[PDB]
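Notes follow once the structure below has been shown.
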Amino acid sequence: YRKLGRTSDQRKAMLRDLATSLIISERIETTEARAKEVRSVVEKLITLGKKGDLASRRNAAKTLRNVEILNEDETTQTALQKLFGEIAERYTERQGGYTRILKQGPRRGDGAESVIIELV
Amino acid sequence: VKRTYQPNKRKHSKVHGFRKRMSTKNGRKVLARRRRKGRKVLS
Amino acid sequence: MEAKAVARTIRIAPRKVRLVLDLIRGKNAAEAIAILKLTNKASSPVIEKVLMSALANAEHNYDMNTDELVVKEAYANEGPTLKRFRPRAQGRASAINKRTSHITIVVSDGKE
Amino acid sequence: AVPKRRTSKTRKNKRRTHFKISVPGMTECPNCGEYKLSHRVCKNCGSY
RNA sequence: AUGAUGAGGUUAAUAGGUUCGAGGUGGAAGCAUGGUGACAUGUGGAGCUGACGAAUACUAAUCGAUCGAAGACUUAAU
RNA sequence: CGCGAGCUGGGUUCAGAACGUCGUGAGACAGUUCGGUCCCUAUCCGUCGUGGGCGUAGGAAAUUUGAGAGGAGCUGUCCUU
RNA sequence: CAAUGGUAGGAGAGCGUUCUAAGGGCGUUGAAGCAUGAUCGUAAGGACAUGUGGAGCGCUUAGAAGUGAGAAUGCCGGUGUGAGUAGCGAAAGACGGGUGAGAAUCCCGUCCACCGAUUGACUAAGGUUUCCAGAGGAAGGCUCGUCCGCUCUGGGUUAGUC
RNA sequence: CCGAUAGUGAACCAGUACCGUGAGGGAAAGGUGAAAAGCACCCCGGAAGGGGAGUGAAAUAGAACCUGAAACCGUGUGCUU
RNA sequence: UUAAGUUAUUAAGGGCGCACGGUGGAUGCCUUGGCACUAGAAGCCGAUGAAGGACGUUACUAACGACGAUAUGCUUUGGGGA
Ligand SMILES: [Mg+2]
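Chains as they are written, first to last, in full-length UniProt numbering: chain A, 3 to 122; chain B, 2 to 44; chain C, 1 to 112; chain D, 2 to 49.
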């Protein structure tokens with residue numbers, strides 16, 4: 003696996019935060035290396051969501067941050083609830099994938115290959 | 002480290018300053034040379 | 001026949017601007033623009049604009065349409081350098097030369 | 002640990018023979034015809 | 001180190017994911033029973049499991065571009 | 001008395017101090033004694049690896065002989081006769 | 001007919017630069033400088049032609065000197081090489097939205113993280129306008145910058161009791 | 001006698017930038033054109049720049065502006081490797 | 001065709017000539033300012049507040065001159081001429 007030029011605690015934190023944000027937005031923009039490394043984490047969380055039993059819920063609560071989404075009509079529900087009620091159904095029949103990645107050109111401030119990781 | 006010139010307006014104007022140079026003849030001298038030189042800050 | 005466009009006192013050291021100009025020397029206008037816009041270097045935006053001006057100059061002044069243009073020759077040479085200093089250790093000061101560049105591009109129809 | 006002598010213009014230009022930028026990996030985009038980097042999304046159109 | 005070397009680019013197992021397994025750890029969660037409590041027992045070698053083995057195109061190697069022969073004389077045999 | 005732009009710095013050879021001796025004295029002794037700042041981002045040759053170009057009378061993929069070159073190269077005890 | 005290596009050094013003849021006196025000249029029909037050239041004398045050096053250049057300058061004789069540079073770890077000013085190398089000055093950022101010619105770097109939001117006998121709040125000394133609101137982006141910010149202790153415009157400090 | 005590294009330290013807001021606690025020390029920096037006639041408009045660009053058109057004898061005289069050498073940096077190539 | 005022998009080509013880059021650019025501020029020409037003098041004035045200013053400053057003063061406004069609250073000036077006598 004990759005280290006992302008960062009320590010262990012700071013990476014653990016970055017990976018879980020990036021996975022949460024992806025789950026919120028359903029497509030985000032970042033650099034290749036971190037997309038390649040958040041792919042597995044988000045894919046595994048969705049797996050914890052395709053079962054929905056209380057054990058998997060409690061276990062997926064480890065990674066996701068506690069965030070609130072305001073849906074249409076001022077309806078509110080958290081990241082766990084999204085994962086287990088709006089994304090489990092979408093991928094009940096698909097047996098992998100769950101994500102795609104679309105390389106983009108280098109950014110200006112660096113030569114970093116920005117990419118967009120999106121939930122498929 | 003404590004370097005030199007810990008600034009202080011009062012002591013700056015006491016040890017130096019117009020009235021201090023005007024207190025001794027030698028003080029009167031430096032004003033004399035500084036005017037001969039055409040200096041703008043005399044004391 | 002030949003259209004001219006020049007940018008002066010650009011704030012990029014000439015060694016660095018010339019690295020990008022060593023690619024668009026003698027290529028077609030469209031291919032040249034595609035290189036600049038996709039090469040991920042600092043000088044590239046400033047050159048894509050000198051090229052743009054030349055090409056516009058060509059159309060508006062000579063009726064030289066841009067589909068047949070080639071960067072006949074394109075180069076860059078030194079400019080009025082700005083002298084600065086960096087406070088280094090033990091009271092010593094070293095110099096920093098912020099250089100500049102006089103970018104030139106001429107595009108031709110290959111004709112007379 | 003200091004240069005014992007000057008590096009002449011000949012030696013200088015010789016060392017930097019291999020110091021150059023490569024032309025980008027660009028291919029034409031199938032929806033718009035403008036060039037794009039290969040394996041990247043066209044920035045003019047937004048396709049594949 | 002980079003570049004090289006090597007395994008692969010859909011007519012595809014190259015890597016990720018999914019499924020199964022090896023190895024590691026050691027009895028998950030929730031229940032029910034017993035205890036005043038600190039806890040214990042059954043479910044259930046359970047649960048988890050980075051690189052390790054296999055299968056599967058689910059996701060990404062989609063599109064395209066560049067470089068690269070047409071073979072000299074002379075003499076001797078043929 | 002190989003090797004400090006590879007290392008140490010115990011001895012010795014700066015400034016402090018002290019004992020014995022010499023000098024009226026300041027000080028001194030290759031007499032002791034305790035303490036005492038080891039800088040440098042490698043241009044060239046050299047050396048260890050690792051690429052690109054070109055030549056090998058066509059352009060290539062693979063297997064190669066070996067002109068040379070380098071590496072090893074030590075030895076004990078016991079038993080038998 | 002003889003002589004002609006040469007350092008410390010002695011002697012002699014000269015070439016050049018500025019200025020002055022006189023004489024005689026050249027110059028927008030293009031002077032001095034500058035650049036090029038395959039030209040002339042034994043040397044110091046002298047011309048000629050062609051370009052740039054846009055006003056002064058040669059020649060003869062004679063006078064005077066701040067008169068000739070390659071070295072003084074010379075002085076001043078420019079530009080190299082080392083090299084696209086060292087360095088980028090203690091630290092946790094990620095992502096959505098917006099702004100713009102341009103965004104890892106500016107504004108807003110969520111999450112995360114650091115301090116917390118302090119990176120928090122006051123108040124002295126010292127600095128003086130760095131304070132505030134608009135606007136800008138050359139320069140200064142060790143990168144970028146739409147941002148700022150930067151620049152432009154206009155503002156802001158109220159005591160009988162401190 | 002000197003013509004901008006000279007001649008005052010100072011031809012130019014100079015005993016001033018600046019430096020020092022202070023006595024004190026102490027710079028660097030002249031030249032568009034005859035006339036400002038200082039480049040109306042158009043084109044690319046956010047702007048800086050530029051390219052036309054026009055002013056002028058001249059704009060490689062366009063404000064860093066007379067002449068514009070050398071070091072140094074480039075772009076072509078005839079002959080070589 | 002095959003054997004033997006011989007010789008191009010190459011230029012990633014480099015060298016030398018040449019051409020055209022930049023950078024830079026030598027050189028030439030120029031003078032606003034200096035330097036050394038000559039001849040003649042003159043060779044005392046202050047409590048009547050000096051020499052030197054600081055603040056101010058304009059239609060607007062920083063700097064430099066000039067001026068002082070009568071302030072980017074007032075009066076008067078003469079010179080001159082839009
Ligand atoms: Mg210091």
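C-beta atoms are modelled at their ideal positions from N, C-alpha and C, and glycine is treated no differently.
Review point. So which of C:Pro45, C:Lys41, C:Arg88 and C:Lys27 has the shortest CA-CA distance to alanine 7 (chain C)?
Key: Looking only at C:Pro45, C:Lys41, C:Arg88 and C:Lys27, the smallest Cα-Cα distance to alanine 7 (chain C) is reached by C:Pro45.
Practice item. Work out the CA separation of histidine 13 (chain B) and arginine 37 (chain B) for me, nearest whole Å. Key: 24 Å
Review point. How many Å lie between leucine 56 (chain A) and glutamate 120 (chain A) at the Cα?
Key: One C-alpha to the other measures close to 27 Å.
Practice item. Taking all protein chains shown into account, decide if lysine 15 (chain D) is buried (16 or more other Cβ within 10 angstroms of its Cβ) or exposed. Key: exposed
Review point. Closest Cβ-Cβ distance between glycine 51 (chain A) and chain C: below 9 Å?
Key: no
Practice item. Under 9 Å between beta-carbons, which chain D residues line up against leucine 19 (chain C)? List them in chain order, please. Key: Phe20, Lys21 and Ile22
Review point. Ends of the alpha helix (DSSP H) at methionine 16 (chain A)?
Key: Unbroken alpha helix (DSSP H) run through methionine 16 (chain A): 10-27.
Check your understanding: Taking 8 Å as the cut-off, does the CB of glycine 91 (chain C) come closer than this to any heavy atom belonging to ligand 1?
Key -> yes
Review point. Interface residues of chain C around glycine 113 (chain A) at Cβ under 8 Å?
Key: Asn40
Review point. Are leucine 82 (chain A) and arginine 59 (chain A) touching if we call contact CB-CB under 9 Å?
Key: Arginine 59 (chain A) is positioned such that its CB atom lies closer than 9 Å to that of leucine 82 (chain A).
Review point. For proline 25 (chain D) versus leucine 38 (chain C), is the C-beta spacing smaller than 9 Å?
Key: Yes.
Review point. Which residues, taken in chain order from the stretch 53-80 of chain C, show a beta carbon closer than 7 Å to some beta carbon of chain D?
Key: Listed by position along the chain: nothing, the set is empty.
Review point. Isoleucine 35 (chain C) versus chain D: which residues are under 9 Å apart at the beta carbon?
Key: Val24, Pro25, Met27 and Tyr36
Check your understanding: Taking the beta strand (DSSP E) that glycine 107 (chain A) falls in, what are its first and last residues?
Key -> Start and end: 101-108.
**Study point:** Sequence-distant residues of its chain with Cβ nearer than 6 Å to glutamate 34 (chain A) (five each side left out)
**Key:** Closer than 6 Å at Cβ, skipping near neighbours: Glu115 and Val117.
Practice item. Given a cut-off of 9 Å, decide if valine 50 (chain C) and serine 108 (chain C) are closer than it, judged by their beta-carbon atoms. Key: It is not a contact, given that the beta carbons lie outside the stated cut-off.
Practice item. Report all residues from its chain with a CB closer than 7 Å to the CB of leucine 17 (chain A); omit the five preceding and five following residues, and keep chain order. Key: Closer than 7 Å at Cβ, skipping near neighbours: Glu39, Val40 and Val43.
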